[PDB]
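Novice:
2 protein chains.
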Amino acid sequence: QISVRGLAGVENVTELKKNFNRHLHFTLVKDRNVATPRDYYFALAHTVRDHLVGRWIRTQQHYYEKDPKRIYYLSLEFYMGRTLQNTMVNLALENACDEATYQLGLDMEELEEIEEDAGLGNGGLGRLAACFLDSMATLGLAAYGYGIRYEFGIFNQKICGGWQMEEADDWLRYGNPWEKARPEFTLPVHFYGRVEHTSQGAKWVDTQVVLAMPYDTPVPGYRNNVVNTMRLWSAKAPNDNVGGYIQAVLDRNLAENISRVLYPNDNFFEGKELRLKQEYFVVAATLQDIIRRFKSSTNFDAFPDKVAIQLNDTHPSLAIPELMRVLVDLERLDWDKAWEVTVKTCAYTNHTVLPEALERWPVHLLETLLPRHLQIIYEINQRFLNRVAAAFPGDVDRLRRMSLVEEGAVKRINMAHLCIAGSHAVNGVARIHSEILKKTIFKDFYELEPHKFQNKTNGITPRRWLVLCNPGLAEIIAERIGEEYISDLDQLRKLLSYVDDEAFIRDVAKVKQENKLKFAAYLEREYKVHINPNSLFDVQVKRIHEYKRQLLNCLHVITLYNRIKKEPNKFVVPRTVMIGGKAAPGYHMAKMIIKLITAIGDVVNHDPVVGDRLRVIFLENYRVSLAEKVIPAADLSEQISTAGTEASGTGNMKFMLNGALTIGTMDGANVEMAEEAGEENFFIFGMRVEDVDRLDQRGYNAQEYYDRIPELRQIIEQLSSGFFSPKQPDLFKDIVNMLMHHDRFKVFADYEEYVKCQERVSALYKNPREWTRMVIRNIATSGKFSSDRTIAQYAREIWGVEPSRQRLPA
Amino acid sequence: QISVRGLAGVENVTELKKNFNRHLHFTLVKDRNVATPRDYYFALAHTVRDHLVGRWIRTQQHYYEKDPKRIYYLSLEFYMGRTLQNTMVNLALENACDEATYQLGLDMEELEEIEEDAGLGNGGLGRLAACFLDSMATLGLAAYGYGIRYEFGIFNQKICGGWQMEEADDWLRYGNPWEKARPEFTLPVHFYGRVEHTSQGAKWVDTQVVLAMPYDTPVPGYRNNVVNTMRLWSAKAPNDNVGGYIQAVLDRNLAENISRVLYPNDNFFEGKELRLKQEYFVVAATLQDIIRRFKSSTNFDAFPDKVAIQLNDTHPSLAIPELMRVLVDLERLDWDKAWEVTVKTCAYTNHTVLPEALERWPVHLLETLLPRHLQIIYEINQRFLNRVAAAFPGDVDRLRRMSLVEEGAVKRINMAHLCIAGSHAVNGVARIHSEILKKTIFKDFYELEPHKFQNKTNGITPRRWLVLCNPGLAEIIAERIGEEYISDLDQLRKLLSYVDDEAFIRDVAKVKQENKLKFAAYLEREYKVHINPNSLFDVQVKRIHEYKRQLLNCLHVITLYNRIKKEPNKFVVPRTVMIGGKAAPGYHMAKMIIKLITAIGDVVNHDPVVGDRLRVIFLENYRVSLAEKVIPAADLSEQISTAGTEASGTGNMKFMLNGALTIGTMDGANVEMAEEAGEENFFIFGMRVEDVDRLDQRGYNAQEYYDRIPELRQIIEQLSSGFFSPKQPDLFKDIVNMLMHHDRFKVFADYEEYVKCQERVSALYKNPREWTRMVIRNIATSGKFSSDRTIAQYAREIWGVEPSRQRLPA
Ligand SMILES: O=C(NC(=O)c1ccc(C(F)(F)F)cc1)N[C@@H]1O[C@H](CO)[C@@H](O)[C@H](O)[C@H]1O
Ligand SMILES: O=C(NC(=O)c1ccc(C(F)(F)F)cc1)N[C@@H]1O[C@H](CO)[C@@H](O)[C@H](O)[C@H]1O
Ligand SMILES: *Cc1c(COP(=O)(O)O)cnc(C)c1O
Ligand SMILES: *Cc1c(COP(=O)(O)O)cnc(C)c1O
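Chains as they are written, first to last, in the working numbering: chain B, 2 to 811; chain Z, 2 to 811.
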């Protein structure tokens, strides 16, 4: 049908059909008479998987022969989504599979909807790991993703009576055709025990053993025949009265609970023992793999020349003392040499400045679980503080501020301080964020070691986030400038010479309309909700947090409703306001915000005077596969976090690539997005970082805003009095109290400018031609935000390896 | 190489090799450079599995079209062993696969040793189910085996310091290529709750739900293109604060524990709740399948014409009140009609008369777990006792004896009484056993309903237990009489005309020698123990129980040793005494017996005066795959249970088919074996059932035997004084105490006749030609003990269906 989806050659189509029928028969053990759509999905999945295998085997044998420097990306989260379409796109098989399935009387799009998301992440940090894997394979790097194979990923979100309900994400129920179990490569991981000192040094003894069993998933590069590996570890118990015998077998569950479930708290660090076991589990098994592969190339001097370890946040920070443990205790290297190797091997990426989200492990947990690692950490700390003392003599408060050990009621280890000390590079994820790190929370460390601190602005993969989810747009771009932009997104700048092209303007607006019609039909078929496709699609999708200010969006929505009720016969630009995202199970305020959104919808969606001029919809179960649908349909992207709080954002970049305009604060990557497109082509409002700081010095008083803004007062009175909850009048008292007395994120302070800026958005939407010309200006300058650019920067500036677009032989 | 293993045609060999290489590449994702023997096993397994699929699909569609009466064999145990060689044998593929693997430079026998046993049973009852599945497929019956997919089967037995140690049988670790998960056919099972009475009848409400997920395994008939199904259920939890959320996900283990592990107690019934859940779980899911399949053929009058349910012991006895529950509560049939259907549908097989092994469930367990089923049982009991009262008016003690409810400290339900009441047929498993049922424990029931009581003498499959494990013997038989005996074992009688054939005599003895050499080499390679292959192989293999009298064997062994020590320079027939078997984890006395056997070995095997004239070996980890090795190597089969205690035995039949002579009591199937071969061709000794009864009336006094038999006194003194345990002199005090004061099985009473009979064995072994002629007389008359005969009897006399040797098209 469309050119970017590849060739549908006579021979390839014939061969795909027969392999499909073979898998249906031999693999699934079904006949065409009883086969269901799920059976057909699996036969297709297995057929496509076959095409990966040859390339997967030859890629890995190529690395064994050439022995390049290996990149190990360690993360507790890989938010992968679906694999089938991504694999087809990267193998240039999409049109051929489309034709093959059509000739067998099937709709491939229907089959695609059957695949479960691999929801092994919470949000931006987890999705970043996934985009990074895609770009690393596309750039020909010898890269491995290492993590945990959770049996249960992020919970499925149901909305009952306006409230979030959580249910288990049993994503492995029907099996995973993409993974290959490697039980032969199982490795032991040690817990608890005690430290024994001998003539020869320290020994970690009397431990409990848990086995780590690897599962390998292929990661295909974009049309370069490169297939890398994501290796995820699964926890297994070792094999060593009737009631007693039975109970001993049932108690094996205790060991295997390690890999059972992803922790869904992305707002607040919790010092839970099971989470600590998960973190050590991934780290210990991974490092054994790394060392084995290194030894099969004695001389650890060359270790940093052959190995790079990237820590995705502090979650795998135990890699630092674990590498020291192995090098000192097992390989018998002297402390100083082991330390030199460790520092040159590891690099650390920070994703937030919010103190409640930073890992600080109680010393007593580490003492019990990992007694040797605690000894190593104390020793790291002493040697590090000796360096600080020598550089800043007499500065006693610097010593207590920079310590890896935090004093107080409970002693804690600061994992961020450990990461900076043990890494040769530390990066933030957007320019403004990396600057904030140097000026505020890591200032002392930057003064000691300025060379360590870098920026690496985040990116997204244009394969999943354009070609896959928005083929219509990918195709009209390809018509003008060809197909090379898919792996070189900077080429999109060539679209600027089409900003006054009447044909192109019409086509861009046509693609958006088609996307909006398709998504409008999705909402009716799967959720039974009616929307006007001619309205402006106003979309905020992301995890529910106070800092992301879904509440500010809520206040605007209520303002629009109140204005309509006041002047019903006045014209307003029609809007569909869509808000979606999951709240962490323990986050009471985030759960209240979801209830508020649905409550507003209940009032607004059923007011006859409003009509089809305003609709408020909460998008249920937001996840990667839902993002692929809603983002191409969006007109307006809401990126409205308090300045200084969102490290980067990546959702912002997805919307920019797909033809939405952005309303946002000067926060995270928004700053660089506005810089690339031009401030005149963005809807920027609100306090800058400097304004927030000024307000903090003075003291933020929300009452001031309530007193001086009549429209804001009305909303607060409506919330308090029970306008949005007639049967439970005080339902939203917690929200009002927080806004009025304890708002860390200054919602009221940005309200006026936000509302005014929203009026400017509506004004431009009234002029379709100029809206679309601004859109073209955005798409055309979104090239910087490809993860290929991001990964090339990591490779050159951190890992010390050169990227390559050279094809491997088929 | 040999004819019974099929053709190795040019085209078939070529096709097997390429499919092997395809699976290695696409299925296992390996290259020839890193592949291990395990990889090669899996590629072969997958290649052979492909040949089953077409036949499996066409067999099951054939049943849907023709709609024959369906046989459902319900068992908590299926002791399957290995599947690869069995499948090759039944598909006539063994020589072709042998050639194909040889040409790829591999040894197929080495690959076969890699497969794990499916050890989903304890012993004879579990192995009977497996043999039965094989015969049902071979006889073309529309049969289904239904059970539980245990994650952990019977424990692996290790011997440490002479003591049994148990370790988890993690048989699924590397995956099971034979099974196909059917997550789409998952069914709900209900537990706990309460009973509500409505105008419309009873309702079972407020239940906890556990999901039953089926796994299907193919069961191929012998060269008839029939492939039946064994369906095993796996337990799954349904999908519906951070600490709380995490804990709720981890608590899913509670539901899934149902299918975690096989209960290894085969000696003593234990009323454990988890075992009860297992029993209901298999029954409830199976009956839903049965009914669905029946409805997809409204009129339950025809139910017994289309369905037979066979209960393997009382373990699935809950099928009776569950069928009533469904028919009365859900389908709204009147009680009397539902009862008529149930009785005509179900049949019950008993496997023991020992009262401690009979299931008697505490009423309070059933009340909590299955409140509706208890109501139904009480109602069954009342109506049944009304019938007894009418038939035997005024006989009040008969009423209390026949009741399904047993009175006492704790009220219990007698599951055997439930089974007899709700079944149209009840059978024992050997003629003497079925007679004992009618005369003793079920006498009252036989007086009420004589027509219900039958015999069905057990059998073994000649495929696994001759062709597979003893190809050498199968081939020399085939040379004389052809290949038809494999599915018509009665044809072995034709071998009687070769009893004076000098060529045949030499060949039979040659096959045995080769088997003994092969097994002697197995013991050195895998266990590092030295044996003389010229010695008489004296073998007792079976689960360790007091009734099976491994202790009597022990007393003989010690007698031989003492006699040698007394007259060292006298000639004795050299013997290797092999004893093997697992003890139930809580069975202290059985564990002591294992320790005794190893302790005797420690003394006997290291006595210089003994030399190679006597060796005592405990065979570790006895299981189906070990039976396939040791049985073909045996000269003497020990079947020495106290008369009236072993219901049938099946190991006895395996030894007879494979060229061992039998020393045994007139117990179980031994009686019929002796009848078939002629008593002159068996070594029969000891008390008959009548003699045991006489002794019980008088009172068994072990001291009498101790006083009057000097050789027995010496052994008891040796045991007591610490001859076999110098560092722990009183180690065996429990054994001595039991033998002297509390021996239920009268070990001393059979000692003299046993020892004398053993001398007669040794005398005949001195004459190789006459030994072999007696062996030929045994093999030639073992035809009755084929499970094809057994299953044809069930089919004709219980299930009401005709067997068929007609081939299905390929
Ligand atoms: O997603 C994020 N964190 C988590 O999910 C998370 C997980 C665990 C915790 C814990 F420690 F357990 F409490 C805290 C936060 N972070 C996001 O990373 C993105 C990629 O750089 C970036 O664009 C976003 O600005 C950033 O907020
Ligand atoms: O193997 C047997 N039982 C068990 O394994 C068993 C299982 C559970 C229990 C329980 F209830 F849990 F305690 C008791 C016994 N039985 C055997 O069946 C054979 C086949 O008919 C027969 O040849 C043997 O004579 C017979 O002993
Ligand atoms: C991109 C993405 C995110 C991250 O969005 P932000 O707006 O940067 O928080 C979270 N969840 C999913 C499913 C995503 O695709
Ligand atoms: C045949 C068999 C049994 C049954 O043997 P009996 O002597 O009848 O108790 C037990 N275990 C295995 C592995 C068998 O093959």
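Quick reminder that beta carbons are idealized off the backbone N, C-alpha and C, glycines included.
1) Alpha carbon to alpha carbon, how far is Z/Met214 from Z/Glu368? Give it in angstroms, no decimals.
2) Which class does Z/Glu639 belong to by DSSP, given the choice of helix, strand or coil?
3) Does DSSP classify Z/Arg614 as helix, strand or coil?
4) Taking B/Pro609 as the query, report the chain Z residues whose CB atoms sit under 9 angstroms from its CB, ordered along the chain.
5) Using a C-beta cutoff of 7 angstroms, does Z/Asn268 count as contacting chain B?
6) Would you say Z/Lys19 faces chain B, with C-beta separation under 7 angstroms as the test?
7) Just to confirm, are Z/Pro804 and Z/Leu312 a CB contact at a threshold of 7 angstroms?
8) Would DSSP call B/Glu274 helix, strand or coil?
9) Would you list, in chain order, the members of the segment 52-63 of chain B that have their beta-carbon closer than 8 angstroms to a beta-carbon of chain Z?
10) Alpha helix (DSSP H) containing Z/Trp466: first to last residue?
11) Taking the alpha-carbon positions, what's the B/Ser788 to B/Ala169 distance?
12) How would you call B/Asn428, buried or exposed, if buried means at least 16 neighbouring beta carbons within 10 angstroms?
13) In whole angstroms, what is the alpha-carbon distance linking B/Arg361 and Z/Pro322?
14) What is the residue span of the beta strand (DSSP E) that B/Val308 lies within?
15) Just to confirm before moving on: does the CB-CB distance between Z/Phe733 and Z/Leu720 stay below 7 angstroms?
16) When DSSP labels each residue in this structure, what does Z/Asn87 get in the three-state scheme?
17) Throw me the rounded Cβ distance for the B/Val344 and B/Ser424 pair, which I believe falls under 8 angstroms.
18) At a CB-CB cut-off below 9 angstroms, which residues of chain Z make contact with B/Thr37?
19) Assuming Z/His191 is part of the beta strand (DSSP E), what are its boundary residues?
20) Since B/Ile247 meets chain Z, which of its residues come closer than 8 angstroms, beta carbon to beta carbon?
21) May I ask you to verify whether the segment 122-135 of chain B touches the segment 71-80 of chain B, counting CB pairs closer than 8 angstroms and requiring at least 3?
22) Measure the C-alpha to C-alpha separation of B/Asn266 and B/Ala585 and round it to an integer number of angstroms.
23) Of all the CB atoms in chain B, is at least one closer than 7 angstroms to the CB of Z/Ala169?
24) How should B/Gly395 be labelled, buried or exposed, when 16 other C-beta atoms within 10 angstroms of its C-beta is the threshold for buried?
25) Z/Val354: beta carbon under 6 angstroms from a heavy atom of ligand 4?
26) With burial defined as no fewer than 16 other Cβ atoms inside 10 Å of the residue's Cβ, what is the status of B/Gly784: buried or exposed?
27) Give the residues of chain Z in contact with B/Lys296, contact being defined as C-beta atoms less than 8 angstroms apart.
28) Determine the chain Z residues that contact B/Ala213 at a beta-carbon separation under 9 angstroms, and present them in chain order.
29) Hey, quick one: how far does the alpha helix (DSSP H) through Z/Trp340 stretch, first residue to last?
30) Taking the continuous alpha helix (DSSP H) assigned at B/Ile433, which residues delimit it?
31) Would B/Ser626 pass as a contact of B/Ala661 if the rule is Cβ separation under 7 angstroms?
32) Which word fits B/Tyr65, buried or exposed, when buried means at least 16 other C-beta atoms lie within 10 angstroms of its C-beta?
33) To which residues does DSSP link B/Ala144 through a beta bridge?
34) Would you mind stating whether B/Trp340 and B/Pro219 have Cβ atoms separated by less than 7 angstroms?
35) For a test of the three-state rule: what should DSSP assign to Z/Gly82, helix, strand or coil?
36) Pull the bridge partners of B/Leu233 from the DSSP assignment, please.
Specialist: Once the coordinates are examined:
1) About 26 angstroms.
2) In the displayed model, Z/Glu639 falls within a strand according to three-state DSSP.
3) Three-state result, Z/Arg614: coil.
4) Within 9 angstroms Cβ-Cβ: nothing; B/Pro609 doesn't reach chain Z, min ~37 angstroms.
5) False, the Cβ-Cβ gap to chain B never drops below 7 angstroms.
6) Taking 7 angstroms as the threshold, the shortest C-beta distance from Z/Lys19 to chain B does not fall below it.
7) With respect to the 7 angstroms criterion, Z/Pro804 and Z/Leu312 are not classified as neighbours on the basis of their beta carbons.
8) Helix.
9) Flagged, chain order: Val54, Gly55, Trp57, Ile58 and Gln62.
10) Neither: Z/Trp466 is in no alpha helix (DSSP H) and is coded neither H nor E.
11) B/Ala169 has its alpha-carbon roughly 31 angstroms from the corresponding atom of B/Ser788.
12) Flag for B/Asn428 reads buried.
13) So the two alpha carbons sit approximately 58 angstroms from each other.
14) Note, B/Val308: beta strand (DSSP E), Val308 to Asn313.
15) Yes, the pair counts as a contact, with Cβ atoms nearer than the cut-off.
16) In this structure, Z/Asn87 counts as helix in the three-state DSSP scheme.
17) About 7 angstroms; that satisfies the 8 angstroms criterion.
18) Contact note: B/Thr37 reaches chain Z through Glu185, using a C-beta cutoff of 9 angstroms and chain order.
19) Its beta strand (DSSP E) spans residues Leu188 to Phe192.
20) Ordered by position in chain Z, the residues that pass the 8 angstroms Cβ test against B/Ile247 are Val262, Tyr264, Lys273 and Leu275.
21) Enough Cβ pairs lie closer than 8 angstroms, so yes.
22) About 5 angstroms.
23) Chain B, which has a Cβ nearer than 7 angstroms to the Cβ of Z/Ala169, makes this yes.
24) By the neighbour-count rule (16 or more Cβ atoms within 10 Å), B/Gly395 is not buried but exposed.
25) Placement of the Cβ of Z/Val354 at a distance of 6 angstroms or more from every heavy atom of ligand 4 is found.
26) In this structure B/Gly784 is buried. Its beta-carbon is surrounded by 16 or more other beta-carbon atoms within 10 angstroms.
27) Ordered by position in chain Z, no residue passes the 8 angstroms Cβ test against B/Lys296, which lies about 17 angstroms from the chain.
28) By Cβ distance, chain Z contributes nothing, its closest Cβ being about 14 angstroms from B/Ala213, past 9 angstroms.
29) Element bounds for Z/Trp340: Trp336 to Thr346.
30) Where B/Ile433 is concerned, the enclosing alpha helix (DSSP H) stretches over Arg432 to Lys440.
31) Not closer than 7 angstroms, so no.
32) Residue environment for B/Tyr65: exposed (fewer than 16 other C-beta atoms within 10 angstroms of its C-beta).
33) According to DSSP, B/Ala144 shares a beta bridge with B/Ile72.
34) Going by C-beta atoms, B/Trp340 is not nearer than 7 angstroms to B/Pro219.
35) For Z/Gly82, the three-state secondary structure derived from DSSP is strand.
36) DSSP lists B/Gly148 and B/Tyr216 as partners of B/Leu233.
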